[PDB]
$ cat query-v8.cif   # mmCIF, C-alpha atoms and all ligand atoms
data_upload
loop_
_atom_site.group_PDB
_atom_site.id
_atom_site.type_symbol
_atom_site.label_atom_id
_atom_site.label_comp_id
_atom_site.auth_asym_id
_atom_site.auth_seq_id
_atom_site.Cartn_x
_atom_site.Cartn_y
_atom_site.Cartn_z
ATOM 1 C CA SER A 1 -8.926 4.830 1.385
ATOM 2 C CA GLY A 2 -7.736 4.307 -2.237
ATOM 3 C CA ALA A 3 -6.675 1.428 -4.521
ATOM 4 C CA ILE A 4 -4.461 0.366 -7.450
ATOM 5 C CA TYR A 5 -6.112 -0.678 -10.743
ATOM 6 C CA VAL A 6 -3.613 -2.444 -13.074
ATOM 7 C CA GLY A 7 -4.895 -4.902 -15.757
ATOM 8 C CA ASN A 8 -7.860 -6.871 -14.272
ATOM 9 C CA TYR A 9 -6.672 -6.292 -10.645
ATOM 10 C CA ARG A 10 -7.825 -4.019 -7.764
ATOM 11 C CA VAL A 11 -5.075 -3.739 -5.038
ATOM 12 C CA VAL A 12 -6.167 -2.500 -1.565
ATOM 13 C CA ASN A 13 -5.157 -2.502 2.097
ATOM 14 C CA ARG A 14 -6.328 -5.928 3.317
ATOM 15 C CA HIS A 15 -7.782 -4.183 6.453
ATOM 16 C CA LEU A 16 -9.989 -2.014 4.092
ATOM 17 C CA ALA A 17 -11.012 -4.770 1.611
ATOM 18 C CA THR A 18 -14.842 -4.721 1.034
ATOM 19 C CA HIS A 19 -17.135 -7.840 1.014
ATOM 20 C CA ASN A 20 -16.666 -7.673 -2.830
ATOM 21 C CA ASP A 21 -12.788 -7.634 -2.740
ATOM 22 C CA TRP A 22 -13.145 -10.987 -0.796
ATOM 23 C CA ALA A 23 -15.926 -12.430 -3.097
ATOM 24 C CA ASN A 24 -13.358 -11.847 -5.957
ATOM 25 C CA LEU A 25 -10.108 -12.503 -3.961
ATOM 26 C CA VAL A 26 -7.046 -13.150 -6.209
ATOM 27 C CA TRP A 27 -4.467 -12.986 -3.380
ATOM 28 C CA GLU A 28 -4.217 -11.719 0.222
ATOM 29 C CA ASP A 29 -1.165 -11.525 2.580
ATOM 30 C CA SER A 30 -2.183 -10.535 6.180
ATOM 31 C CA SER A 31 1.536 -9.895 7.039
ATOM 32 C CA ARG A 32 1.833 -7.269 4.177
ATOM 33 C CA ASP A 33 -1.658 -5.743 4.669
ATOM 34 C CA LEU A 34 -2.457 -6.376 0.933
ATOM 35 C CA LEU A 35 -5.418 -7.861 -0.864
ATOM 36 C CA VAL A 36 -5.806 -8.143 -4.646
ATOM 37 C CA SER A 37 -9.332 -8.758 -6.069
ATOM 38 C CA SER A 38 -10.384 -9.372 -9.730
ATOM 39 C CA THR A 39 -12.167 -6.706 -11.851
ATOM 40 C CA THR A 40 -14.324 -6.652 -15.034
ATOM 41 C CA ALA A 41 -12.789 -3.324 -16.295
ATOM 42 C CA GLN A 42 -9.031 -3.095 -17.284
ATOM 43 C CA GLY A 43 -6.752 -0.809 -15.137
ATOM 44 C CA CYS A 44 -4.435 1.976 -16.487
ATOM 45 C CA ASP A 45 -1.882 2.198 -13.546
ATOM 46 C CA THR A 46 1.741 1.195 -14.347
ATOM 47 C CA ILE A 47 3.447 -0.695 -11.415
ATOM 48 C CA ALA A 48 7.051 0.518 -10.790
ATOM 49 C CA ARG A 49 9.601 -2.276 -11.474
ATOM 50 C CA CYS A 50 12.675 -0.547 -9.903
ATOM 51 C CA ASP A 51 14.697 -0.100 -6.639
ATOM 52 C CA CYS A 52 13.774 3.654 -6.367
ATOM 53 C CA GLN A 53 13.821 4.966 -2.739
ATOM 54 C CA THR A 54 12.382 8.456 -3.640
ATOM 55 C CA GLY A 55 8.915 9.331 -5.027
ATOM 56 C CA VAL A 56 5.676 11.180 -4.131
ATOM 57 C CA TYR A 57 2.782 9.909 -1.954
ATOM 58 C CA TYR A 58 -0.700 11.470 -1.621
ATOM 59 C CA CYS A 59 -1.777 12.277 1.942
ATOM 60 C CA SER A 60 -5.644 12.541 2.053
ATOM 61 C CA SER A 61 -5.420 14.149 5.566
ATOM 62 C CA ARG A 62 -3.578 17.142 3.899
ATOM 63 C CA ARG A 63 -5.147 16.751 0.429
ATOM 64 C CA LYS A 64 -1.415 17.034 -0.548
ATOM 65 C CA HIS A 65 1.233 15.060 -2.494
ATOM 66 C CA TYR A 66 4.480 14.765 -0.433
ATOM 67 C CA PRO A 67 7.864 13.834 -1.914
ATOM 68 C CA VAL A 68 9.584 11.314 0.420
ATOM 69 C CA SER A 69 12.696 9.163 0.867
ATOM 70 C CA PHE A 70 11.489 5.690 1.979
ATOM 71 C CA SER A 71 13.216 2.489 3.360
ATOM 72 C CA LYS A 72 13.750 -0.727 1.293
ATOM 73 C CA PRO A 73 10.811 -3.179 1.652
ATOM 74 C CA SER A 74 11.474 -4.777 5.082
ATOM 75 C CA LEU A 75 10.015 -6.685 8.081
ATOM 76 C CA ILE A 76 9.246 -3.680 10.405
ATOM 77 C CA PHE A 77 7.104 -3.814 13.632
ATOM 78 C CA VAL A 78 3.625 -2.093 13.843
ATOM 79 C CA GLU A 79 2.092 -1.640 17.364
ATOM 80 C CA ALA A 80 -1.717 -1.442 18.130
ATOM 81 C CA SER A 81 -4.279 -0.104 15.529
ATOM 82 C CA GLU A 82 -8.036 -1.026 15.643
ATOM 83 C CA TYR A 83 -7.301 -3.259 12.540
ATOM 84 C CA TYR A 84 -4.335 -5.488 13.670
ATOM 85 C CA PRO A 85 -2.546 -6.846 16.774
ATOM 86 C CA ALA A 86 1.201 -6.400 17.621
ATOM 87 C CA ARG A 87 2.898 -8.006 14.556
ATOM 88 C CA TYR A 88 5.787 -7.486 12.062
ATOM 89 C CA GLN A 89 4.605 -6.240 8.621
ATOM 90 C CA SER A 90 6.756 -7.515 5.666
ATOM 91 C CA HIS A 91 7.579 -5.607 2.407
ATOM 92 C CA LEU A 92 7.007 -2.387 4.483
ATOM 93 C CA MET A 93 8.753 0.900 3.488
ATOM 94 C CA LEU A 94 8.848 3.706 6.131
ATOM 95 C CA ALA A 95 9.398 7.398 5.258
ATOM 96 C CA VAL A 96 9.318 10.579 7.421
ATOM 97 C CA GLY A 97 5.794 11.919 6.690
ATOM 98 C CA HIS A 98 2.206 12.426 7.960
ATOM 99 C CA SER A 99 0.003 9.263 8.063
ATOM 100 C CA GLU A 100 -3.355 9.192 9.985
ATOM 101 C CA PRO A 101 -6.137 6.580 10.067
ATOM 102 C CA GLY A 102 -7.833 7.264 6.669
ATOM 103 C CA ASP A 103 -4.503 7.879 4.795
ATOM 104 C CA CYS A 104 -4.172 4.098 4.052
ATOM 105 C CA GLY A 105 -4.708 3.385 0.303
ATOM 106 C CA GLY A 106 -2.830 6.611 -0.601
ATOM 107 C CA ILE A 107 -0.498 5.720 -3.549
ATOM 108 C CA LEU A 108 3.313 6.230 -3.324
ATOM 109 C CA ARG A 109 4.718 6.674 -6.889
ATOM 110 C CA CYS A 110 8.198 7.123 -8.506
ATOM 111 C CA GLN A 111 9.040 7.885 -12.217
ATOM 112 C CA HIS A 112 8.575 4.097 -12.979
ATOM 113 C CA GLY A 113 4.916 4.217 -11.742
ATOM 114 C CA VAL A 114 3.192 2.894 -8.558
ATOM 115 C CA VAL A 115 5.664 1.781 -5.788
ATOM 116 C CA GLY A 116 2.850 1.004 -3.279
ATOM 117 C CA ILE A 117 0.124 2.375 -0.936
ATOM 118 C CA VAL A 118 -0.025 3.777 2.656
ATOM 119 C CA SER A 119 -0.611 0.948 5.223
ATOM 120 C CA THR A 120 0.881 2.365 8.523
ATOM 121 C CA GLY A 121 1.396 5.787 10.211
ATOM 122 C CA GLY A 122 2.197 7.510 13.550
ATOM 123 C CA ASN A 123 5.446 8.730 15.250
ATOM 124 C CA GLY A 124 5.918 11.076 12.221
ATOM 125 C CA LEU A 125 6.393 8.007 10.011
ATOM 126 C CA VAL A 126 4.469 6.657 7.026
ATOM 127 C CA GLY A 127 4.579 2.949 6.108
ATOM 128 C CA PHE A 128 3.977 2.066 2.458
ATOM 129 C CA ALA A 129 3.161 -1.608 1.614
ATOM 130 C CA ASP A 130 5.348 -2.446 -1.424
ATOM 131 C CA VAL A 131 3.807 -3.929 -4.672
ATOM 132 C CA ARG A 132 6.893 -3.751 -7.027
ATOM 133 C CA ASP A 133 7.726 -7.445 -6.302
ATOM 134 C CA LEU A 134 4.220 -8.544 -7.519
ATOM 135 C CA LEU A 135 5.186 -9.093 -11.183
ATOM 136 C CA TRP A 136 1.961 -11.133 -11.855
ATOM 137 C CA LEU A 137 -0.081 -7.833 -11.818
ATOM 138 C CA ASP A 138 1.434 -7.377 -15.373
HETATM 139 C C1 LIG A 201 -2.128 5.007 8.055
HETATM 140 O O1 LIG A 201 -3.284 4.506 8.723
HETATM 141 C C2 LIG A 201 -3.220 4.362 10.080
HETATM 142 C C3 LIG A 201 -2.524 5.219 10.911
HETATM 143 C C4 LIG A 201 -2.538 4.986 12.269
HETATM 144 BR BR1 LIG A 201 -1.537 6.127 13.399
HETATM 145 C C5 LIG A 201 -3.241 3.944 12.820
HETATM 146 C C6 LIG A 201 -3.946 3.101 11.983
HETATM 147 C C7 LIG A 201 -3.938 3.283 10.602
HETATM 148 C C8 LIG A 201 -4.671 2.326 9.690
HETATM 149 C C9 LIG A 201 -5.948 2.914 9.153
HETATM 150 O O2 LIG A 201 -6.705 3.569 9.837
HETATM 151 O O3 LIG A 201 -6.160 2.656 7.894
HETATM 152 ZN ZN ZN A 202 11.095 3.775 -9.686
#
$ encode --input "query-v8.cif" --output "structure tokens"
Amino acid sequence: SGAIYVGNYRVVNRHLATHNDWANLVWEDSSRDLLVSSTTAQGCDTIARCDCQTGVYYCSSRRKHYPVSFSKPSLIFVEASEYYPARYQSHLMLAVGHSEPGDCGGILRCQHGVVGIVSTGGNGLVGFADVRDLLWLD
């Protein structure tokens, strides 16, 4: 689990969105596994506006922050999962790293702030759903 709080926005994994994220839906993209919902409180996270391909992500299944090289946001295939069918995820950044069910929502961050969150895992790979293109969060 885990979420981004910038301005009046909560960003989550779509597949982990609560009944309240949907009651207050701002934007969802099934293909990217993202949902943004509205908040009452203001958020203190900076969103990274950069083309960084190195940063740190938190891995709840190790209670550890891992530094990673990750791919440019792309249209990369994700297989089964109890949450989705066989489908290409867009704005997806893979890195070599540990990602289990429950590691989704873990924040990847560079010097410029939040690059995105964990959305995919397996095969020794960790998919982060990118949020740097979502300028409207600022
Ligand atoms: C990174 O999370 C996963 C890793 C694997 Br392998 C399968 C499914 C998920 C999604 C989840 O359970 O949130
Ligand atoms: Zn950066």
$ residues_around --input "query-v8.cif" --residues "residue 118 of chain A" --least-positions-apart "6" --cutoff "9 Å" --atoms "all atoms listed in the file" --output "list in words"
residues 13, 57, 58, 59, 99, 103, 104, 105, 106, 107, 108, 126, 127, 128 and 129 of chain A
$ axis_aligned_box --input "query-v8.cif" --around "ligand LIG 201 (chain A)" --padding-each-side "4 Å" --output "lines of an AutoDock Vina configuration file"
center_x = -4.1
center_y = 4.2
center_z = 10.6
size_x = 13.2
size_y = 11.8
size_z = 13.5
$ closest_residue --input "query-v8.cif" --among "A:74, A:39, A:46, A:1" --to "residue 114 of chain A" --atoms "only C-alpha atoms"
A:46
$ residues_around --input "query-v8.cif" --residues "residue 6 of chain A" --least-positions-apart "5" --cutoff "12 Å" --atoms "only C-alpha atoms" --output "ChimeraX atom specification"
/A:11-12,36-48,113-114,131,134-138
$ residues_near_ligand --input "query-v8.cif" --ligand "ligand ZN 202 (chain A)" --cutoff "10 Å" --atoms "all atoms listed in the file" --output "number ranges by chain"
A: 47-55, 109-115, 132
$ closest_residue --input "query-v8.cif" --among "A:119, A:61, A:69, A:81" --to "residue 16 of chain A" --atoms "only C-alpha atoms"
A:119
$ atom_distance --input "query-v8.cif" --atom1 "atom CA of residue 9 of chain A" --atom2 "atom CA of residue 101 of chain A"
24.4 Å
$ resolve_selection --input "query-v8.cif" --expression "the PyMOL selection byres (((chain A and resi 27) around 10) and not hetatm)" --output "ChimeraX atom specification"
/A:11,14,21-22,24-26,28-29,34-38
$ write_last_selection --input "query-v8.cif" --atoms "C-alpha atoms" --output "mmCIF file, in the coordinates of the input"
data_model
loop_
_atom_site.group_PDB
_atom_site.id
_atom_site.type_symbol
_atom_site.label_atom_id
_atom_site.label_comp_id
_atom_site.auth_asym_id
_atom_site.auth_seq_id
_atom_site.Cartn_x
_atom_site.Cartn_y
_atom_site.Cartn_z
ATOM 1 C CA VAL A 11 -5.075 -3.739 -5.038
ATOM 2 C CA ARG A 14 -6.328 -5.928 3.317
ATOM 3 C CA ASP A 21 -12.788 -7.634 -2.740
ATOM 4 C CA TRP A 22 -13.145 -10.987 -0.796
ATOM 5 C CA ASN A 24 -13.358 -11.847 -5.957
ATOM 6 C CA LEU A 25 -10.108 -12.503 -3.961
ATOM 7 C CA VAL A 26 -7.046 -13.150 -6.209
ATOM 8 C CA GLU A 28 -4.217 -11.719 0.222
ATOM 9 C CA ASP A 29 -1.165 -11.525 2.580
ATOM 10 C CA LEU A 34 -2.457 -6.376 0.933
ATOM 11 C CA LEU A 35 -5.418 -7.861 -0.864
ATOM 12 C CA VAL A 36 -5.806 -8.143 -4.646
ATOM 13 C CA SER A 37 -9.332 -8.758 -6.069
ATOM 14 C CA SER A 38 -10.384 -9.372 -9.730
#
$ atom_distance --input "query-v8.cif" --atom1 "atom CA of residue 102 of chain A" --atom2 "atom CA of residue 7 of chain A"
25.7 Å
$ closest_residue --input "query-v8.cif" --among "A:64, A:133, A:88, A:94" --to "ligand LIG 201 (chain A)" --atoms "all atoms listed in the file"
A:94
$ atom_distance --input "query-v8.cif" --atom1 "atom CA of residue 83 of chain A" --atom2 "atom CA of residue 60 of chain A"
19.0 Å
